[PDB]
Amino acid sequence: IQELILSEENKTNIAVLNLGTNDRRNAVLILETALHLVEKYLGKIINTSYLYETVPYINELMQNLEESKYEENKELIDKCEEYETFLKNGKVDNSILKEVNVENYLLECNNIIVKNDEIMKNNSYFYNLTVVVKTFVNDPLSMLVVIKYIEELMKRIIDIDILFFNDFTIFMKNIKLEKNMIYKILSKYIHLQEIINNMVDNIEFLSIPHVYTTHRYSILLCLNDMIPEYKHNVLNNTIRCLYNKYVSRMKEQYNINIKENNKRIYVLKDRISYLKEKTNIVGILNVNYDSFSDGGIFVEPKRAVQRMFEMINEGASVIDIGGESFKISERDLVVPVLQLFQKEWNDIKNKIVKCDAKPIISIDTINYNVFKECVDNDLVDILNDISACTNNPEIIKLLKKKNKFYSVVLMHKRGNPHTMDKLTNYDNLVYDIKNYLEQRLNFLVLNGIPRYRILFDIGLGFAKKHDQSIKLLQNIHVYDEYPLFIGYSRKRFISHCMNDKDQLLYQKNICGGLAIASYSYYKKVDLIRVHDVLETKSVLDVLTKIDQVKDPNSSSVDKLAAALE
Amino acid sequence: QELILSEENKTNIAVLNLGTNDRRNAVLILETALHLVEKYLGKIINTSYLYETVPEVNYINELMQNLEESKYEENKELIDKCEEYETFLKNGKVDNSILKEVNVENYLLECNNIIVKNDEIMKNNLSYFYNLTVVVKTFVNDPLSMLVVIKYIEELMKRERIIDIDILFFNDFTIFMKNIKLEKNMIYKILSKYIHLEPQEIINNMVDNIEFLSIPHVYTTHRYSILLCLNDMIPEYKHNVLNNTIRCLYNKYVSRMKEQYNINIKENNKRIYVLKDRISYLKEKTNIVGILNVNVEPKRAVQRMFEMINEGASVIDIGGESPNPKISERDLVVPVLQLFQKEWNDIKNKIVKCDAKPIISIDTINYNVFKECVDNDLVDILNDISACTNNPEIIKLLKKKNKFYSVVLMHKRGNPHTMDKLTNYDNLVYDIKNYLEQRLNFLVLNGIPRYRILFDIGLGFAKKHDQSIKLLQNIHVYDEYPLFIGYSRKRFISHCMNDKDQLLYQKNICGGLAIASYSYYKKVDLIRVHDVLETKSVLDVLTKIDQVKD
Ligand SMILES: COc1ncnc(NS(=O)(=O)c2ccc(NCC3=Nc4c(nc(N)[nH]c4=O)NC3)cc2)c1OC
Ligand SMILES: COc1ncnc(NS(=O)(=O)c2ccc(NCC3=Nc4c(nc(N)[nH]c4=O)NC3)cc2)c1OC
Ligand SMILES: Nc1ncnc2c1ncn2[C@@H]1O[C@H](COP(=O)(O)O)[C@@H](O)[C@H]1O
Ligand SMILES: Nc1ncnc2c1ncn2[C@@H]1O[C@H](COP(=O)(O)O)[C@@H](O)[C@H]1O
Ligand SMILES: [Ca+2]
Ligand SMILES: [Ca+2]
Ligand SMILES: [Mg+2]
Ligand SMILES: [Mg+2]
């Protein structure tokens with residue numbers, strides 16, 4: 001019924017979308033622009049999967065955008081009933097579109113694939129990300145209209161499909177839309193010309209669940225991040241069970257490991273990172289230590305920015321700056337130093353020789369006010385929050401802006417520098433800490449921090465005995481699935497693992513450090529937060545070389561050649 | 001009668017088993033046997049490794065001073081071939097046995113009877129073993145005579161249980177003799193054919209202890225420990241009475257133990273190498289070798305040595321070579337080692353600190369230097385960067401009436417000026433390995449215990465930087481062998497990185513520590529380094545991470 005598609009009785013529905021692009025260079029910019037528009041025109045993003053590389057400007061737009069009929073709020077949430085109900089297949093309001101039969105849907109899907117399987121033989125990088133939206137849109141077909149519009153607004157390849165919509169089984173085998181009925185639907189949610197034309201024909205049909213849902217690997221891979229337990233009448237088994245079957249079966253039958261050519265992405269600034277493919281160095285700039293070790297009482301902002309440069313040319317991708325330490329204010333330590341850096345940089349950016357050399361800037365803070373000022377003056381790109389956004393969750397709201405997002409590091413601790421040493425009792429150390437972080441992430445994701453921008457840090461030496469810091473290292477494979485940031489540098493636990501008497505122990509500690517760096521390298525930790533950037537980079541370089549083999553067959557081939565001589 | 005005291009000068013090949021189970025004196029006992037073997041039976045021309053195997057103190061020093069002279073001569077000349085040993089390896093043509101031979105059938109019957117009877121004996125009867133094998137070119141006439149002499153040695157070594165020497169093979173003979181009762185006269189009479197005998201108390205305790213002779217020895221096919229050792233020495237050997245080659249037999253014994261009992265027998269039967277006089281379990285530790293270049297006043301040098309022990313180095317490797325014509329290698333190194341020997345000795349009232357004595361390794365290719373060192377008990381290991389290629393005479397100095405000495409064999413080409421040009425290899429990784437193997441075979445032919453030989457790929461000697469890295473990447477190739485390496489402060493390290501240039505010294509030290517990491521996980525046996533504290537700190541931490549607490 002066309003009349004209740006336009007009726008302004010606003011509804012709350014659960015949609016799950018696929019979002020893809022081809023443009024490797026700017027997948028992060030493309031998909032994050034989609035993402036922000038999805039958050040604008042459809043509802044609130046309440047889940048996301050990792051970004052994946054898979055195998056089968058707009059800065060002008062972001063100012064000239066029309067408003068929406070519905071108000072957004074950055075406000076934090078704890079749960080979601082709508083969502084809770086989506087996952088178990090509890091009762092929801094009836095489909096205001098025609099539901100095709102259960103057993104009818106099966107054969108219907110086939111013909112759209114097998115026919116497309118022929119259009120194929122007329123005849124290469126995909127970048128996938130799935131989302132969940134709490135939608136004020138009232139029906140899939142309406143949303144598709146808006147999705148098509150969003151698609152169109154971004155053109156001068158950005159496919160945004162729709163994978164599910166409540167528990168509905170829908171096929172509309174052949175529809176065309178009124179060149180005008182679109183205007184009505186669009187004006188329903190948006191405040192409005194030259195675009196609608198190219199739209200009208202681009203909505204040839206509609207399948208919920210989307211056709212390729214369980215045939216495309218890239219979609220299972222993504223859906224498994226977000227909603228593993230979810231079942232649907234439409235499919236035999238739960239999304240995790242199907243995903244697993246696709247893996248095992250791809251191995252038994254075709255002798256391929258599918259995970260190799262389909263990679264997980266985490267994002268530090270604006271660029272793609274292949275989970276587990278590198279160990280990045282993070283250089284510690286502690287303004288307290290740098291300033292008050294002379295025994296001196298003054299900040300030396302010029303000194304600090306120099307140390308910042310030292311660090312960059314010593315091979316650190318990320319610099320992590322901190323005002324807290326373990327009568328002058330945190331902010332007054334950090335912001336001026338971040339300020340002098342930003343300037344000093346742009347006064348050598350003229351030489352575009354250092355333009356793709358610019359280091360990522362991470363602020364170690366639990367303070368909202370400090371973070372706000374930093375973001376507001378484009379001074380940082382990552383929040384490093386040792387309280388896991390526990391000291392003040394509101395800080396999460398500062399991790400998303402008009403278009404752009406910021407990546408966060410979440411660390412586990414108990415208590416504080418003075419109290420933590422005795423807060424050492426765990427039921428199950430490794431798993432408690434893992435579960436802790438998995439949960440902070442869930443919370444960030446529920447609030448539409450994109451899953452692929454959150455990094456775990458086990459917090460070595462925070463509320464952990466030296467034996468515990470070791471145990472956490474021994475079991476680091478538990479973070480095999482996740483971006484992992486760690487910080488062993490200079491901590492006392494290193495020394496404890498060892499059989500003028502006070503200067504030896506700093507060498508022993510820095511050198512013992514370099515061991516954990518090696519271990520980190522082989523365990524494929526994602527970032528390590530270090531003081532001794534040159535020493536670390538050296539170690540890492542030698543280890544990388546030893547690993548870069550020219551021919552991966554050569555040792556057997558060569559072995560045989562010897563045996564025949 | 002006496003076709004057994006025949007005047008005809010016999011050269012035969014006998015393969016021997018040497019077993020003990022005093023872990024703390026394992027080396028001394030076994031080598032003491034090895035010596036009396038060389039003294040009294042003939043010439044050692046192969047040995048296996050040493051193994052801690054799963055079943056089935058100082059009067060030795062007094063013994064060795066007062067041995068009877070052998071009536072057979074000792075010839076330390078280098079040989080590079082042995083016809084009789086080739087004759088034995090192939091299964092070809094030797095003289096008839098003067099002892100009555102049995103056919104295959106009768107041996108297998110009589111073999112089996114001894115096993116089953118000895119099984120039920122063990123079964124109703126209610127502790128590792130240290131194991132080794134040797135091939136002896138022997139002047140003893142026949143296995144029985146030999147068993148007599150080898151019993152004398154078992155007896156000699158007992159205090160007026162400690163060792164068991166058994167004949168595994170003896171030429172290609174099959175021999176089963178059931179009821180050996182040997183006249184008290186006949187024993188004195190055999191022994192005296194091979195030994196200038198001075199007594200006769202022990203001759204008594206010998207009369208009983210020889211009851212029967214089996215050749216091959218009975219448990220040859222039956223004990224892992226035996227097959228394991230033989231696998232080192234004589235893979236291809238196939239005795240008439242054996243189902244297959246030693247190697248085949250070994251593999252089968254291994255693979256059958258993986259299924260029929262699901263065991264994986266390797267795990268509890270460990271290969272052993274020796275640096276000074278203790279046991280080392282191959283691949284169980286990464287020792288640090290401290291570099292001392294006397295390139296340095298004697299007192300400043302010995303200072304450096306004590307600092308290095310405290311920074312936690314197990315071996316020091318002292319070197320005169322790098323040259324300069326002013327002072328001779330001898331005059332650089334010998335003083336230093338003499339000062340060290342003395343100054344350590346002044347602390348010879350602290351009978352606890354004197355376990356932490358470092359093994360001393362002289363980096364030298366010159367006979368004269370090593371001779372002076374060895375003569376004055378100044379060193380334990382010879383680090384010959386030429387693989388004893390330069391002057392093989394040196395090999396003669398790696399053994400004495402009593403001591404044996406371990407040797408690192410490095411691969412290099414040419415000399416320091418030439419070497420940067422001698423850089424073409426057909427199959428780098430295997431060329432070098434094969435080179436080292438041949439070298440080993442040469443010392444082993446020449447009586448050097450195979451467990452005293454350490455292999456070293458010689459990084460940065462006649463290798464381009466990429467080649468030094470290629471070798472490290474393929475270090476797994478030396479999984480079976482004692483492995484010594486030196487990467488320390490070499491140029492290839494710096495080459496990997498992407499460019500006060502005391503800075504470049506650092507990147508090199510620090511990249512050094514990456515290689516220590518890789519060495520540790522690739523279980524390299526020894527690493528020779530300048531930076532002992534830094535190397536120890538890496539290894540200590542990595543070791544902690546690995547040690548899983550309960
Ligand atoms: C005797 O008294 C003491 N003296 C010195 N150090 C002590 N503690 S410690 O060495 O174990 C140690 C050192 C530093 C820290 N914190 C440094 C940071 N660590 C991290 C970070 N961010 C992220 N994401 N992860 C991090 O691990 N920011 C700062 C924690 C423990 C100490 O005991 C309390
Ligand atoms: C003559 O020209 C040169 N001068 C300085 N550096 C050079 N390059 S280098 O740094 O790579 C280098 C440095 C030292 C060495 N040799 C040191 C040793 N190395 C070992 C040892 N013993 C054992 N067993 N194993 C060892 O690896 N003794 C001494 C080899 C290559 C160089 O050649 C291009
Ligand atoms: N679940 C869905 N989400 C988006 N488009 C759909 C869906 N089911 C069917 N379609 C139709 O299939 C086409 C999508 O193909 P594409 O060009 O890859 O976006 C559009 O014409 C849609 O009308
Ligand atoms: N090939 C052999 N090597 C050593 N002993 C042997 C051999 N063949 C038979 N025997 C006898 O087996 C017993 C070994 O005793 P034991 O050396 O105490 O284990 C002695 O009675 C020897 O006479
Ligand atoms: Ca919204
Ligand atoms: Ca001899
Ligand atoms: Mg589509
Ligand atoms: Mg015996």
# chains A, B, ... in the order shown; residues from 1 in each chain; ligands from 1

$ residues_near_ligand --ligand "ligand 1" --cutoff "8 Å" --atoms "only C-alpha atoms and all ligand atoms" --output "PyMOL selection string"
chain A and resi 322+325-326+364+384-386+409-411+417-418+420-421+457-462+466+485-493+529

$ write_last_selection --atoms "C-alpha atoms" --output "short mmCIF file (atom, residue, chain, number, x, y, z; two decimals), in the first residue's frame"
data_model
loop_
_atom_site.label_atom_id
_atom_site.label_comp_id
_atom_site.auth_asym_id
_atom_site.auth_seq_id
_atom_site.Cartn_x
_atom_site.Cartn_y
_atom_site.Cartn_z
CA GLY A 322 51.61 12.73 27.11
CA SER A 325 53.17 10.89 34.42
CA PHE A 326 53.60 7.76 36.56
CA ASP A 364 47.73 9.81 25.60
CA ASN A 384 45.22 6.86 23.56
CA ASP A 385 42.95 6.23 26.54
CA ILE A 386 44.48 4.12 29.32
CA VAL A 409 43.51 2.78 21.60
CA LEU A 410 41.79 1.03 24.53
CA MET A 411 43.97 -0.15 27.43
CA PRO A 417 49.79 4.70 39.44
CA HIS A 418 49.78 4.82 43.25
CA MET A 420 47.57 -0.41 41.08
CA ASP A 421 50.54 -2.47 42.33
CA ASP A 457 46.26 -2.75 24.61
CA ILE A 458 46.63 -5.26 27.46
CA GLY A 459 48.38 -2.60 29.58
CA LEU A 460 51.59 -4.32 30.71
CA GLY A 461 52.56 -3.33 34.25
CA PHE A 462 49.23 -1.68 35.07
CA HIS A 466 55.97 -9.01 36.65
CA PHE A 485 48.98 -2.01 20.55
CA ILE A 486 51.37 -2.76 23.47
CA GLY A 487 53.89 -0.93 25.68
CA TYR A 488 56.70 -2.85 27.41
CA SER A 489 59.22 -0.07 27.01
CA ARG A 490 61.29 0.58 30.12
CA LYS A 491 58.84 -1.12 32.48
CA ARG A 492 60.21 -2.74 35.60
CA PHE A 493 59.03 -6.22 34.67
CA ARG A 529 55.09 2.03 22.11
#

$ interface_residues --of "chain B" --to "chain A" --cutoff "10 Å" --atoms "only C-alpha atoms" --output "number ranges by chain"
B: 312, 426-431, 434, 466, 469-474, 476-477, 492-499, 503, 506-518, 521, 533-549

$ write_last_selection --atoms "C-alpha atoms" --output "tab-separated table (two decimals), in the first residue's frame"
chain	number	residue	atom	x	y	z
B	312	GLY	CA	77.48	-13.61	31.36
B	426	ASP	CA	76.59	-22.84	-7.51
B	427	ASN	CA	74.46	-23.70	-4.49
B	428	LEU	CA	75.56	-21.35	-1.68
B	429	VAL	CA	73.67	-22.97	1.20
B	430	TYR	CA	74.59	-26.58	0.36
B	431	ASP	CA	78.08	-25.89	-0.98
B	434	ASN	CA	78.80	-29.94	2.25
B	466	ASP	CA	72.82	-10.67	0.57
B	469	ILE	CA	71.64	-13.07	4.97
B	470	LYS	CA	70.75	-15.96	2.67
B	471	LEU	CA	72.79	-18.28	4.87
B	472	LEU	CA	71.05	-17.11	8.05
B	473	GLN	CA	67.63	-17.53	6.50
B	474	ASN	CA	68.65	-21.14	5.80
B	476	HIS	CA	67.68	-24.70	9.65
B	477	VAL	CA	70.03	-26.72	7.44
B	492	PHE	CA	76.21	-7.01	6.19
B	493	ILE	CA	74.10	-5.94	9.19
B	494	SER	CA	74.28	-2.23	8.27
B	495	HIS	CA	73.46	-3.02	4.61
B	496	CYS	CA	69.92	-4.20	5.51
B	497	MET	CA	68.86	-0.86	7.00
B	498	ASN	CA	67.56	2.18	5.08
B	499	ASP	CA	70.02	5.09	5.56
B	503	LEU	CA	75.32	6.32	15.00
B	506	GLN	CA	74.71	1.62	17.13
B	507	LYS	CA	72.37	0.47	14.35
B	508	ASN	CA	74.93	-2.29	13.87
B	509	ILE	CA	75.09	-3.34	17.52
B	510	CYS	CA	71.31	-3.17	17.72
B	511	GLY	CA	70.74	-5.07	14.47
B	512	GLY	CA	73.18	-7.52	16.02
B	513	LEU	CA	70.64	-8.06	18.77
B	514	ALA	CA	67.93	-8.87	16.23
B	515	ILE	CA	70.21	-11.67	14.99
B	516	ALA	CA	70.68	-12.81	18.60
B	517	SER	CA	66.88	-13.09	18.73
B	518	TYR	CA	66.76	-15.16	15.54
B	521	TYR	CA	64.59	-19.16	18.23
B	533	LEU	CA	75.71	-7.56	28.36
B	534	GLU	CA	73.40	-6.61	25.46
B	535	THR	CA	73.44	-10.14	24.14
B	536	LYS	CA	72.70	-11.59	27.59
B	537	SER	CA	69.83	-9.18	28.22
B	538	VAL	CA	68.11	-10.24	25.00
B	539	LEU	CA	68.59	-13.95	25.59
B	540	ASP	CA	67.50	-13.74	29.26
B	541	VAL	CA	64.23	-11.98	28.39
B	542	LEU	CA	63.47	-14.27	25.47
B	543	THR	CA	64.13	-17.27	27.74
B	544	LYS	CA	61.73	-15.98	30.38
B	545	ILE	CA	58.98	-15.44	27.77
B	546	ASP	CA	59.47	-19.08	26.77
B	547	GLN	CA	59.50	-20.57	30.28
B	548	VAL	CA	55.86	-21.46	31.01
B	549	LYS	CA	55.10	-21.20	34.75

$ select_by_dssp --residues "segment 333-514 of chain B" --states "alpha helix (DSSP H)" --output "PyMOL selection string"
chain B and resi 333-345+367-375+428-445+465-473+491-495+503-514

$ residues_near_ligand --ligand "ligand 8" --cutoff "12 Å" --atoms "only C-alpha atoms and all ligand atoms" --output "PDB file with N, CA and C atoms, in the first residue's frame"
ATOM      1  N   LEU B  16      82.373 -50.469  17.629  1.00  0.00           N
ATOM      2  CA  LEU B  16      82.263 -50.663  19.070  1.00  0.00           C
ATOM      3  C   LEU B  16      81.143 -49.818  19.666  1.00  0.00           C
ATOM      4  N   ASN B  17      80.538 -50.340  20.731  1.00  0.00           N
ATOM      5  CA  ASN B  17      79.579 -49.578  21.507  1.00  0.00           C
ATOM      6  C   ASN B  17      80.213 -49.226  22.852  1.00  0.00           C
ATOM      7  N   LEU B  18      80.035 -47.974  23.289  1.00  0.00           N
ATOM      8  CA  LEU B  18      80.544 -47.503  24.569  1.00  0.00           C
ATOM      9  C   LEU B  18      79.388 -46.922  25.380  1.00  0.00           C
ATOM     10  N   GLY B  19      79.140 -47.524  26.550  1.00  0.00           N
ATOM     11  CA  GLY B  19      78.015 -47.136  27.382  1.00  0.00           C
ATOM     12  C   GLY B  19      78.433 -46.923  28.834  1.00  0.00           C
ATOM     13  N   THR B  20      77.827 -45.907  29.456  1.00  0.00           N
ATOM     14  CA  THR B  20      78.017 -45.536  30.848  1.00  0.00           C
ATOM     15  C   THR B  20      76.714 -44.916  31.345  1.00  0.00           C
ATOM     16  N   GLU B  56      66.366 -49.502  27.436  1.00  0.00           N
ATOM     17  CA  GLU B  56      67.491 -50.337  27.837  1.00  0.00           C
ATOM     18  C   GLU B  56      68.823 -49.778  27.304  1.00  0.00           C
ATOM     19  N   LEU B 147      87.660 -59.084  22.575  1.00  0.00           N
ATOM     20  CA  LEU B 147      86.769 -59.043  23.725  1.00  0.00           C
ATOM     21  C   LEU B 147      87.573 -59.214  25.011  1.00  0.00           C
ATOM     22  N   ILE B 150      89.310 -55.896  25.571  1.00  0.00           N
ATOM     23  CA  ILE B 150      88.384 -54.836  25.936  1.00  0.00           C
ATOM     24  C   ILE B 150      87.851 -55.081  27.340  1.00  0.00           C
ATOM     25  N   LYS B 151      87.936 -56.333  27.812  1.00  0.00           N
ATOM     26  CA  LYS B 151      87.550 -56.639  29.182  1.00  0.00           C
ATOM     27  C   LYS B 151      88.618 -56.139  30.156  1.00  0.00           C
ATOM     28  N   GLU B 154      87.846 -52.655  30.744  1.00  0.00           N
ATOM     29  CA  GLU B 154      86.702 -52.502  31.632  1.00  0.00           C
ATOM     30  C   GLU B 154      87.195 -52.651  33.070  1.00  0.00           C
ATOM     31  N   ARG B 161      80.164 -51.466  35.847  1.00  0.00           N
ATOM     32  CA  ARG B 161      79.283 -50.495  36.492  1.00  0.00           C
ATOM     33  C   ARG B 161      79.567 -49.110  35.912  1.00  0.00           C
ATOM     34  N   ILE B 162      80.848 -48.873  35.609  1.00  0.00           N
ATOM     35  CA  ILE B 162      81.327 -47.566  35.196  1.00  0.00           C
ATOM     36  C   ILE B 162      81.318 -47.456  33.667  1.00  0.00           C
ATOM     37  N   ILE B 163      81.469 -48.598  32.978  1.00  0.00           N
ATOM     38  CA  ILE B 163      81.645 -48.650  31.537  1.00  0.00           C
ATOM     39  C   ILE B 163      81.212 -50.027  31.039  1.00  0.00           C
ATOM     40  N   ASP B 164      80.616 -50.081  29.837  1.00  0.00           N
ATOM     41  CA  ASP B 164      80.387 -51.331  29.121  1.00  0.00           C
ATOM     42  C   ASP B 164      80.747 -51.147  27.642  1.00  0.00           C
ATOM     43  N   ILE B 165      81.846 -51.804  27.218  1.00  0.00           N
ATOM     44  CA  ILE B 165      82.291 -51.842  25.830  1.00  0.00           C
ATOM     45  C   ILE B 165      81.893 -53.179  25.209  1.00  0.00           C
ATOM     46  N   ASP B 166      81.236 -53.110  24.046  1.00  0.00           N
ATOM     47  CA  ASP B 166      80.768 -54.280  23.324  1.00  0.00           C
ATOM     48  C   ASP B 166      81.198 -54.178  21.862  1.00  0.00           C
ATOM     49  N   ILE B 167      81.507 -55.325  21.255  1.00  0.00           N
ATOM     50  CA  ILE B 167      81.831 -55.390  19.847  1.00  0.00           C
ATOM     51  C   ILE B 167      80.524 -55.524  19.081  1.00  0.00           C
ATOM     52  N   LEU B 168      80.210 -54.538  18.226  1.00  0.00           N
ATOM     53  CA  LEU B 168      79.029 -54.620  17.377  1.00  0.00           C
ATOM     54  C   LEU B 168      79.331 -55.443  16.128  1.00  0.00           C
ATOM     55  N   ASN B 209      83.878 -63.781  33.024  1.00  0.00           N
ATOM     56  CA  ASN B 209      82.992 -62.759  32.488  1.00  0.00           C
ATOM     57  C   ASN B 209      82.793 -62.902  30.979  1.00  0.00           C
ATOM     58  N   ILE B 210      83.541 -63.816  30.345  1.00  0.00           N
ATOM     59  CA  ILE B 210      83.365 -64.142  28.935  1.00  0.00           C
ATOM     60  C   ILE B 210      82.743 -65.530  28.821  1.00  0.00           C
ATOM     61  N   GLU B 211      81.462 -65.568  28.449  1.00  0.00           N
ATOM     62  CA  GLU B 211      80.690 -66.801  28.413  1.00  0.00           C
ATOM     63  C   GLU B 211      80.377 -67.182  26.969  1.00  0.00           C
ATOM     64  N   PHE B 212      80.223 -66.171  26.101  1.00  0.00           N
ATOM     65  CA  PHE B 212      79.839 -66.382  24.713  1.00  0.00           C
ATOM     66  C   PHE B 212      80.196 -65.165  23.854  1.00  0.00           C
ATOM     67  N   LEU B 213      80.354 -65.408  22.546  1.00  0.00           N
ATOM     68  CA  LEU B 213      80.651 -64.364  21.583  1.00  0.00           C
ATOM     69  C   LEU B 213      79.587 -64.400  20.501  1.00  0.00           C
ATOM     70  N   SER B 214      78.894 -63.273  20.336  1.00  0.00           N
ATOM     71  CA  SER B 214      77.999 -63.088  19.209  1.00  0.00           C
ATOM     72  C   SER B 214      78.468 -61.895  18.379  1.00  0.00           C
ATOM     73  N   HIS B 217      76.756 -58.119  17.575  1.00  0.00           N
ATOM     74  CA  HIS B 217      76.238 -58.111  18.927  1.00  0.00           C
ATOM     75  C   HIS B 217      74.722 -58.230  18.871  1.00  0.00           C
ATOM     76  N   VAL B 218      74.155 -58.801  19.939  1.00  0.00           N
ATOM     77  CA  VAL B 218      72.832 -59.402  19.967  1.00  0.00           C
ATOM     78  C   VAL B 218      71.761 -58.309  19.905  1.00  0.00           C
ATOM     79  N   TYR B 219      71.965 -57.234  20.673  1.00  0.00           N
ATOM     80  CA  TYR B 219      71.009 -56.141  20.762  1.00  0.00           C
ATOM     81  C   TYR B 219      71.238 -55.067  19.688  1.00  0.00           C
ATOM     82  N   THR B 220      72.019 -55.380  18.646  1.00  0.00           N
ATOM     83  CA  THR B 220      72.343 -54.422  17.600  1.00  0.00           C
ATOM     84  C   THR B 220      71.078 -53.926  16.907  1.00  0.00           C
ATOM     85  N   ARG B 223      68.244 -52.363  20.297  1.00  0.00           N
ATOM     86  CA  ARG B 223      68.302 -51.141  21.091  1.00  0.00           C
ATOM     87  C   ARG B 223      68.294 -49.894  20.202  1.00  0.00           C
ATOM     88  N   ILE B 226      71.662 -48.128  20.195  1.00  0.00           N
ATOM     89  CA  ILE B 226      72.693 -48.654  19.316  1.00  0.00           C
ATOM     90  C   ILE B 226      72.481 -48.084  17.913  1.00  0.00           C
TER      91      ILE B 226
END

$ residues_near_ligand --ligand "ligand 3" --cutoff "10 Å" --atoms "only C-alpha atoms and all ligand atoms" --output "ChimeraX atom specification"
/A:16-18,20,112,140-141,143-145,147-148,151,157-165,170-176,199-213

$ write_last_selection --atoms "C-alpha atoms" --output "compact mmCIF listing (two decimals), in the first residue's frame"
# COMPACT_ATOMS: atom_id res chain seq x y z
CA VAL A 16 22.06 -4.05 7.79
CA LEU A 17 24.02 -2.74 4.80
CA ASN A 18 27.03 -3.69 2.67
CA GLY A 20 32.07 -1.40 -1.08
CA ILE A 112 19.01 -13.98 -10.58
CA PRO A 140 13.50 -1.19 2.68
CA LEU A 141 12.30 0.19 -0.67
CA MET A 143 15.76 3.30 2.15
CA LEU A 144 17.00 1.91 -1.17
CA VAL A 145 15.69 5.10 -2.78
CA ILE A 147 20.76 4.81 -0.63
CA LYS A 148 20.59 5.34 -4.41
CA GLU A 151 25.29 6.79 -4.04
CA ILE A 157 32.10 3.03 -7.77
CA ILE A 158 30.48 3.15 -4.31
CA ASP A 159 27.99 0.25 -4.10
CA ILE A 160 25.79 0.38 -0.98
CA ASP A 161 23.40 -2.59 -0.90
CA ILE A 162 20.98 -3.68 1.84
CA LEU A 163 21.49 -7.11 3.37
CA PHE A 164 18.58 -7.41 5.80
CA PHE A 165 15.49 -5.57 7.08
CA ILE A 170 10.83 -9.88 0.24
CA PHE A 171 11.09 -10.12 -3.55
CA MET A 172 9.69 -7.54 -5.98
CA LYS A 173 10.22 -9.26 -9.29
CA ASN A 174 9.70 -6.25 -11.59
CA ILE A 175 8.99 -2.68 -10.51
CA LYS A 176 9.50 0.76 -11.98
CA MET A 199 17.93 7.15 -10.43
CA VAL A 200 14.56 6.06 -11.79
CA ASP A 201 15.84 3.10 -13.84
CA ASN A 202 18.58 2.01 -11.41
CA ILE A 203 16.03 0.37 -9.08
CA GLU A 204 15.10 -2.57 -11.34
CA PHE A 205 14.16 -4.89 -8.43
CA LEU A 206 14.58 -5.60 -4.67
CA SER A 207 15.60 -8.72 -2.72
CA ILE A 208 15.66 -8.93 1.08
CA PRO A 209 17.79 -10.64 2.12
CA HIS A 210 20.11 -9.39 -0.65
CA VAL A 211 20.80 -12.05 -3.27
CA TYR A 212 24.51 -12.65 -2.73
CA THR A 213 24.16 -12.70 1.09

$ select_by_dssp --residues "segment 201-264 of chain A" --states "strand (DSSP E)" --output "compact mmCIF listing (two decimals) with C-alpha atoms, in the first residue's frame"
# COMPACT_ATOMS: atom_id res chain seq x y z
CA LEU A 206 14.58 -5.60 -4.67
CA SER A 207 15.60 -8.72 -2.72
CA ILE A 208 15.66 -8.93 1.08
CA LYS A 263 42.62 -9.26 4.43
CA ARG A 264 41.44 -7.40 7.55

$ residues_near_ligand --ligand "ligand 6" --cutoff "9 Å" --atoms "only C-alpha atoms and all ligand atoms" --output "VMD selection string"
chain B and resid 35 to 44 72 to 76 136 to 138

$ residues_around --residues "residue 7 of chain B" --least-positions-apart "2" --cutoff "12 Å" --atoms "only C-alpha atoms" --output "ChimeraX atom specification"
/B:2-5,9-10,139-141,193-194

$ atom_distance --atom1 "atom CA of residue 440 of chain B" --atom2 "atom CA of residue 401 of chain B"
21.8 Å

$ residues_near_ligand --ligand "ligand 5" --cutoff "6 Å" --atoms "only C-alpha atoms and all ligand atoms" --output "MDAnalysis selection string"
chainID A and resid 39:40 43:44 72

$ atom_distance --atom1 "atom CA of residue 365 of chain A" --atom2 "atom CA of residue 273 of chain A"
24.0 Å
